[PDB]
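Worksheet for the structure shown next.
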Amino acid sequence: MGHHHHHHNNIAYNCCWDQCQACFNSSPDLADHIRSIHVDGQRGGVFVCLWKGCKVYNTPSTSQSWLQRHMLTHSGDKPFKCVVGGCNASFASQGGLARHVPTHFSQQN
Ligand SMILES: [Zn+2]
Ligand SMILES: [Zn+2]
Ligand SMILES: [Zn+2]
């Protein structure tokens, strides 16, 4: 019978992030775009969550480790990659990354 709705009923996980209508059916792919266009997008010294669903969104914070740990809840990545465009560091646990990131955030002061 014509069942083109399929039994594969997977939703496209669209991020509710300010003007990013992007949707991935895979969790890592979603997290990837979060880290790339969301987390890495806020690289102006203050990182803000625009994820509508947070009760603390639209609030810029200089805590790169916190921001990442907050988005961890949203998409669920595993390796935390360096936020610096041009820096490569990835750790499955944030403790190692949380030591690496502030070395770059020694910018000026
Ligand atoms: Zn998005
Ligand atoms: Zn959020
Ligand atoms: Zn780095």
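Here, A, B, ... name the chains of the structure tokens in the order displayed, residue numbers run from 1 inside each chain, and ligands are numbered from 1 in the same displayed order.
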
Write out as JSON lines the residues of chain A that have any atom within 10 Å of an atom of ligand 1, one row each with the nearest atom pair and its distance in Å to one decimal, counting only C-alpha atoms and all ligand atoms, sorted by chain and then rising number.
```
{"residue": "A:13", "atom": "CA", "partner": "ligand 1", "partner_atom_place_in_ligand_line": "1 (Zn)", "distance": 9.3}
{"residue": "A:14", "atom": "CA", "partner": "ligand 1", "partner_atom_place_in_ligand_line": "1 (Zn)", "distance": 6.6}
{"residue": "A:15", "atom": "CA", "partner": "ligand 1", "partner_atom_place_in_ligand_line": "1 (Zn)", "distance": 4.6}
{"residue": "A:16", "atom": "CA", "partner": "ligand 1", "partner_atom_place_in_ligand_line": "1 (Zn)", "distance": 6.7}
{"residue": "A:17", "atom": "CA", "partner": "ligand 1", "partner_atom_place_in_ligand_line": "1 (Zn)", "distance": 5.5}
{"residue": "A:18", "atom": "CA", "partner": "ligand 1", "partner_atom_place_in_ligand_line": "1 (Zn)", "distance": 7.8}
{"residue": "A:19", "atom": "CA", "partner": "ligand 1", "partner_atom_place_in_ligand_line": "1 (Zn)", "distance": 7.6}
{"residue": "A:20", "atom": "CA", "partner": "ligand 1", "partner_atom_place_in_ligand_line": "1 (Zn)", "distance": 4.1}
{"residue": "A:21", "atom": "CA", "partner": "ligand 1", "partner_atom_place_in_ligand_line": "1 (Zn)", "distance": 5.5}
{"residue": "A:22", "atom": "CA", "partner": "ligand 1", "partner_atom_place_in_ligand_line": "1 (Zn)", "distance": 4.6}
{"residue": "A:23", "atom": "CA", "partner": "ligand 1", "partner_atom_place_in_ligand_line": "1 (Zn)", "distance": 7.0}
{"residue": "A:24", "atom": "CA", "partner": "ligand 1", "partner_atom_place_in_ligand_line": "1 (Zn)", "distance": 9.1}
{"residue": "A:30", "atom": "CA", "partner": "ligand 1", "partner_atom_place_in_ligand_line": "1 (Zn)", "distance": 7.8}
{"residue": "A:31", "atom": "CA", "partner": "ligand 1", "partner_atom_place_in_ligand_line": "1 (Zn)", "distance": 9.1}
{"residue": "A:32", "atom": "CA", "partner": "ligand 1", "partner_atom_place_in_ligand_line": "1 (Zn)", "distance": 9.7}
{"residue": "A:33", "atom": "CA", "partner": "ligand 1", "partner_atom_place_in_ligand_line": "1 (Zn)", "distance": 6.4}
{"residue": "A:34", "atom": "CA", "partner": "ligand 1", "partner_atom_place_in_ligand_line": "1 (Zn)", "distance": 6.0}
{"residue": "A:35", "atom": "CA", "partner": "ligand 1", "partner_atom_place_in_ligand_line": "1 (Zn)", "distance": 9.4}
{"residue": "A:36", "atom": "CA", "partner": "ligand 1", "partner_atom_place_in_ligand_line": "1 (Zn)", "distance": 9.3}
{"residue": "A:37", "atom": "CA", "partner": "ligand 1", "partner_atom_place_in_ligand_line": "1 (Zn)", "distance": 6.9}
{"residue": "A:38", "atom": "CA", "partner": "ligand 1", "partner_atom_place_in_ligand_line": "1 (Zn)", "distance": 6.6}
{"residue": "A:50", "atom": "CA", "partner": "ligand 1", "partner_atom_place_in_ligand_line": "1 (Zn)", "distance": 9.7}
{"residue": "A:51", "atom": "CA", "partner": "ligand 1", "partner_atom_place_in_ligand_line": "1 (Zn)", "distance": 8.9}
```

Just write the chosen residues, N, CA and C atoms, as an mmCIF file, in the first residue's frame.
```cif
data_model
loop_
_atom_site.group_PDB
_atom_site.id
_atom_site.type_symbol
_atom_site.label_atom_id
_atom_site.label_comp_id
_atom_site.auth_asym_id
_atom_site.auth_seq_id
_atom_site.Cartn_x
_atom_site.Cartn_y
_atom_site.Cartn_z
ATOM 1 N N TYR A 13 16.479 17.749 13.423
ATOM 2 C CA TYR A 13 16.779 18.497 14.608
ATOM 3 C C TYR A 13 17.267 19.866 14.234
ATOM 4 N N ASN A 14 16.337 20.768 14.195
ATOM 5 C CA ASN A 14 16.595 22.143 13.893
ATOM 6 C C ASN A 14 16.952 22.860 15.153
ATOM 7 N N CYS A 15 18.000 23.624 15.105
ATOM 8 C CA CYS A 15 18.406 24.343 16.245
ATOM 9 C C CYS A 15 17.573 25.588 16.372
ATOM 10 N N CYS A 16 17.165 25.923 17.559
ATOM 11 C CA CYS A 16 16.477 27.155 17.699
ATOM 12 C C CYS A 16 17.465 28.180 18.138
ATOM 13 N N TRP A 17 18.286 28.555 17.219
ATOM 14 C CA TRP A 17 19.286 29.513 17.445
ATOM 15 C C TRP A 17 19.086 30.591 16.456
ATOM 16 N N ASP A 18 19.007 31.783 16.953
ATOM 17 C CA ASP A 18 18.881 32.995 16.222
ATOM 18 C C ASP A 18 19.372 33.024 14.798
ATOM 19 N N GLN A 19 18.401 32.754 13.927
ATOM 20 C CA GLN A 19 18.472 32.900 12.489
ATOM 21 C C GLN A 19 19.215 31.749 11.814
ATOM 22 N N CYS A 20 19.502 30.723 12.579
ATOM 23 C CA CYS A 20 20.099 29.537 12.096
ATOM 24 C C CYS A 20 19.018 28.515 11.981
ATOM 25 N N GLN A 21 18.461 28.395 10.831
ATOM 26 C CA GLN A 21 17.531 27.355 10.618
ATOM 27 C C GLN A 21 18.296 26.274 9.937
ATOM 28 N N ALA A 22 18.752 25.372 10.719
ATOM 29 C CA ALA A 22 19.596 24.329 10.280
ATOM 30 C C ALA A 22 19.170 23.100 11.005
ATOM 31 N N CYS A 23 19.021 22.019 10.301
ATOM 32 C CA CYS A 23 18.473 20.841 10.901
ATOM 33 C C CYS A 23 19.179 19.592 10.457
ATOM 34 N N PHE A 24 19.657 18.842 11.413
ATOM 35 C CA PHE A 24 20.370 17.630 11.132
ATOM 36 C C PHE A 24 19.642 16.476 11.750
ATOM 37 N N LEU A 30 24.434 17.645 14.037
ATOM 38 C CA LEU A 30 23.831 18.784 14.686
ATOM 39 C C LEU A 30 24.855 19.488 15.582
ATOM 40 N N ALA A 31 25.489 18.718 16.479
ATOM 41 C CA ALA A 31 26.494 19.240 17.433
ATOM 42 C C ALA A 31 27.657 19.911 16.709
ATOM 43 N N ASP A 32 28.028 19.319 15.588
ATOM 44 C CA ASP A 32 29.069 19.829 14.698
ATOM 45 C C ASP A 32 28.748 21.244 14.274
ATOM 46 N N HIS A 33 27.537 21.451 13.767
ATOM 47 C CA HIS A 33 27.122 22.760 13.313
ATOM 48 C C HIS A 33 26.966 23.742 14.492
ATOM 49 N N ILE A 34 26.500 23.253 15.639
ATOM 50 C CA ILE A 34 26.518 24.076 16.834
ATOM 51 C C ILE A 34 27.941 24.571 17.137
ATOM 52 N N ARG A 35 28.885 23.687 17.170
ATOM 53 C CA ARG A 35 30.208 24.065 17.552
ATOM 54 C C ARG A 35 30.826 24.976 16.490
ATOM 55 N N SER A 36 30.487 24.728 15.258
ATOM 56 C CA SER A 36 31.058 25.439 14.140
ATOM 57 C C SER A 36 30.410 26.817 13.892
ATOM 58 N N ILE A 37 29.116 26.871 13.882
ATOM 59 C CA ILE A 37 28.427 28.102 13.519
ATOM 60 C C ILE A 37 27.775 28.798 14.732
ATOM 61 N N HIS A 38 27.666 28.105 15.838
ATOM 62 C CA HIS A 38 27.081 28.715 17.033
ATOM 63 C C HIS A 38 28.200 29.130 17.977
ATOM 64 N N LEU A 50 21.737 31.554 21.957
ATOM 65 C CA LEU A 50 20.515 32.125 21.405
ATOM 66 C C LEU A 50 19.535 31.012 21.219
ATOM 67 N N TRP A 51 19.761 29.946 21.950
ATOM 68 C CA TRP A 51 18.947 28.806 21.825
ATOM 69 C C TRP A 51 17.677 29.010 22.590
#
```

Protein and nucleic acid residues within 7 Å of ligand 2 (only C-alpha atoms and all ligand atoms) as an MDAnalysis selection string: chainID A and resid 49:54 56:57 70:71

Test item, helix (DSSP H, G or I) assignment across stretch 17-105 of chain A, answer as JSON, numbers by chain: {"A": [27, 28, 29, 30, 31, 32, 33, 34, 35, 36, 37, 38, 39, 40, 41, 42, 64, 65, 66, 67, 68, 69, 70, 71, 72, 73, 74, 75, 94, 95, 96, 97, 98, 99, 100, 101, 102, 103, 104]}

Considering only C-alpha atoms and all ligand atoms, tabulate each residue of chain A that lies at most 8 Å from ligand 3 along with its nearest interatomic pair and the corresponding distance in Å to one decimal; arrange the rows by chain and ascending residue number and present them as a tab-separated table.
```
residue	atom	partner	partner_atom_place_in_ligand_line	distance
A:81	CA	ligand 3	1 (Zn)	7.7
A:82	CA	ligand 3	1 (Zn)	4.3
A:83	CA	ligand 3	1 (Zn)	6.4
A:84	CA	ligand 3	1 (Zn)	5.4
A:86	CA	ligand 3	1 (Zn)	7.6
A:87	CA	ligand 3	1 (Zn)	4.2
A:88	CA	ligand 3	1 (Zn)	5.4
A:89	CA	ligand 3	1 (Zn)	5.4
A:100	CA	ligand 3	1 (Zn)	6.1
A:101	CA	ligand 3	1 (Zn)	5.9
A:103	CA	ligand 3	1 (Zn)	7.9
A:104	CA	ligand 3	1 (Zn)	6.8
```

Secondary structure check, strand (DSSP E or B) residues of chain A, as JSON, numbers by chain: {"A": [13, 14, 17, 20, 23, 24, 47, 51, 52, 54, 61, 80, 81, 90, 91]}

Requested write-out: N, CA and C atoms of the selected residues, as a PDB file, in the first residue's frame:
```
ATOM      1  N   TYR A  13      16.479  17.749  13.423  1.00  0.00           N
ATOM      2  CA  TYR A  13      16.779  18.497  14.608  1.00  0.00           C
ATOM      3  C   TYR A  13      17.267  19.866  14.234  1.00  0.00           C
ATOM      4  N   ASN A  14      16.337  20.768  14.195  1.00  0.00           N
ATOM      5  CA  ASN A  14      16.595  22.143  13.893  1.00  0.00           C
ATOM      6  C   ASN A  14      16.952  22.860  15.153  1.00  0.00           C
ATOM      7  N   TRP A  17      18.286  28.555  17.219  1.00  0.00           N
ATOM      8  CA  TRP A  17      19.286  29.513  17.445  1.00  0.00           C
ATOM      9  C   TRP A  17      19.086  30.591  16.456  1.00  0.00           C
ATOM     10  N   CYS A  20      19.502  30.723  12.579  1.00  0.00           N
ATOM     11  CA  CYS A  20      20.099  29.537  12.096  1.00  0.00           C
ATOM     12  C   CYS A  20      19.018  28.515  11.981  1.00  0.00           C
ATOM     13  N   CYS A  23      19.021  22.019  10.301  1.00  0.00           N
ATOM     14  CA  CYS A  23      18.473  20.841  10.901  1.00  0.00           C
ATOM     15  C   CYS A  23      19.179  19.592  10.457  1.00  0.00           C
ATOM     16  N   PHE A  24      19.657  18.842  11.413  1.00  0.00           N
ATOM     17  CA  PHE A  24      20.370  17.630  11.132  1.00  0.00           C
ATOM     18  C   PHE A  24      19.642  16.476  11.750  1.00  0.00           C
ATOM     19  N   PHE A  47      30.430  34.836  24.570  1.00  0.00           N
ATOM     20  CA  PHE A  47      29.682  33.811  23.943  1.00  0.00           C
ATOM     21  C   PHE A  47      28.286  33.794  24.495  1.00  0.00           C
ATOM     22  N   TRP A  51      19.761  29.946  21.950  1.00  0.00           N
ATOM     23  CA  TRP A  51      18.947  28.806  21.825  1.00  0.00           C
ATOM     24  C   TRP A  51      17.677  29.010  22.590  1.00  0.00           C
ATOM     25  N   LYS A  52      16.632  29.151  21.861  1.00  0.00           N
ATOM     26  CA  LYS A  52      15.355  29.327  22.428  1.00  0.00           C
ATOM     27  C   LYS A  52      14.894  28.000  22.964  1.00  0.00           C
ATOM     28  N   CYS A  54      16.461  27.638  26.281  1.00  0.00           N
ATOM     29  CA  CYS A  54      17.196  27.961  27.463  1.00  0.00           C
ATOM     30  C   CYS A  54      16.441  29.042  28.206  1.00  0.00           C
ATOM     31  N   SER A  61      28.288  35.592  27.719  1.00  0.00           N
ATOM     32  CA  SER A  61      29.158  35.250  28.817  1.00  0.00           C
ATOM     33  C   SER A  61      30.552  34.922  28.279  1.00  0.00           C
ATOM     34  N   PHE A  80      35.402  17.741  22.518  1.00  0.00           N
ATOM     35  CA  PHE A  80      35.344  19.155  22.557  1.00  0.00           C
ATOM     36  C   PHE A  80      36.516  19.649  21.780  1.00  0.00           C
ATOM     37  N   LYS A  81      36.237  20.361  20.742  1.00  0.00           N
ATOM     38  CA  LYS A  81      37.255  20.896  19.866  1.00  0.00           C
ATOM     39  C   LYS A  81      37.578  22.328  20.248  1.00  0.00           C
ATOM     40  N   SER A  90      41.084  18.452  20.542  1.00  0.00           N
ATOM     41  CA  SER A  90      39.835  17.795  20.817  1.00  0.00           C
ATOM     42  C   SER A  90      39.977  16.824  21.964  1.00  0.00           C
ATOM     43  N   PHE A  91      39.100  16.927  22.928  1.00  0.00           N
ATOM     44  CA  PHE A  91      39.127  16.037  24.079  1.00  0.00           C
ATOM     45  C   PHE A  91      37.723  15.550  24.352  1.00  0.00           C
TER      46      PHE A  91
END
```

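If you look at atom CA of residue A:109 and atom CA of residue A:43, they are 16.4 Å away from each other.
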
Residue with smallest distance to residue A:28 - pool A:2, A:102, A:75, A:95, counting only C-alpha atoms: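 With only C-alpha atoms as the atom set, the closest residue is A:75.
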
Nearest to residue A:59, chosen from A:42, A:77, A:27, A:107, with only C-alpha atoms counted in the distances: A:42

Nearby residues (only C-alpha atoms) at most 6 Å from residue A:46, same-chain spacing under 2 positions excluded, as a list in words: residues 44, 60, 61 and 62 of chain A

I need the chosen residues saved as a compact mmCIF listing (two decimals), in the first residue's frame, with N, CA, C and O atoms.
```txt
# COMPACT_ATOMS: atom_id res chain seq x y z
N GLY A 44 33.73 36.61 19.82
CA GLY A 44 33.93 38.02 19.96
C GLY A 44 34.22 38.35 21.41
O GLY A 44 33.97 39.45 21.87
N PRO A 60 25.21 37.11 26.85
CA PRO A 60 26.62 36.88 26.50
C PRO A 60 27.47 36.61 27.76
O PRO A 60 27.34 37.30 28.77
N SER A 61 28.29 35.59 27.72
CA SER A 61 29.16 35.25 28.82
C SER A 61 30.55 34.92 28.28
O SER A 61 30.68 34.39 27.19
N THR A 62 31.58 35.23 29.03
CA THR A 62 32.94 35.02 28.58
C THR A 62 33.45 33.61 28.92
O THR A 62 34.63 33.28 28.72
```

Between atom CA of residue A:12 and atom CA of residue A:25, distance in Å (one decimal):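 Taking atom CA of residue A:12 as the start and atom CA of residue A:25 as the end point, the length is 4.7 Å.
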
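Distances to residue A:97 were evaluated for A:10, A:64, A:85, A:72 using only C-alpha atoms, and the minimum falls at A:64.
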
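With atom CA of residue A:99 on one side and atom CA of residue A:55 on the other, the separation reads 27.6 Å.
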